[PDB]
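Shown below, as structure tokens, is a lone chain in the form deposited without the RNA; questions about how it binds or moves come after it.
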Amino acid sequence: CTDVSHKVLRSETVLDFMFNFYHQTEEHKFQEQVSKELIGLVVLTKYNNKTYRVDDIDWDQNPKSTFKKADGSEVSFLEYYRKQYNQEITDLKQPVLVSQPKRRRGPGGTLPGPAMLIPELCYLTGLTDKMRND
């Protein structure tokens, strides 16, 4: 147990991926490549298993910062997931993934209200889930 290489012990979500990166790519380049990867990329969160095409990464917020449930209920991202969905993050050190969801509030593409996702709980799908018609 003295000096050993850990087999990437992290999620499988974007944070899991975006992390794999911080191990390779630098800071600037990194954010670019990864953001992209997560971009147009659907991710099923472990919240309750929901797929969201992350198309934006709000490198401002984090699973610890507070947001108002897209509608106005202000909860620190972590709470939203861990306390309302039972997804204990603890890895609130990464940004957010404001995803383009299919929660169409009205048919006709142009998508609905985004999904400020947790890199740590958004299991990488690779589905792309084209979605909408915009």
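Numbers for residues come from their place in the sequence shown, where the first is 1.
In what follows, reference is made to the form solved in complex with the RNA, a form of this protein that is not presented.
- [ ] Have a look at 36, 102, 69, 29 for me and say which one sits with a heavy atom within 4.5 Å of the RNA in the deposited complex.
- [x] The residue in contact is 69.
- Contact test in the deposited complex: residue 90 vs the RNA, heavy atoms, 4.5 Å: The answer is no: residue 90 has no heavy atom within 4.5 Å of the RNA.
Query raised in the report: At the 4.5 Å heavy atom threshold, is residue 124 in contact with the RNA in the deposited complex?
Result: The answer is no: residue 124 has no heavy atom within 4.5 Å of the RNA.
_I'd like to know if residue 115 sits close to the RNA in the deposited complex, meaning any non-hydrogen atom pair within 4.5 angstroms._
Taking the distances in the deposited complex, the answer for residue 115 is yes, it comes within 4.5 Å of the RNA.
| message | Only counting heavy atoms and a 4.5 Å limit, does any residue of 76 to 91 reach the RNA in the deposited complex, and if so which ones? | response | Going through 76 to 91 in order - heavy atoms within 4.5 Å of the RNA in the deposited complex - the hits are 77, 80, 81, 84, 85, 86, 87.
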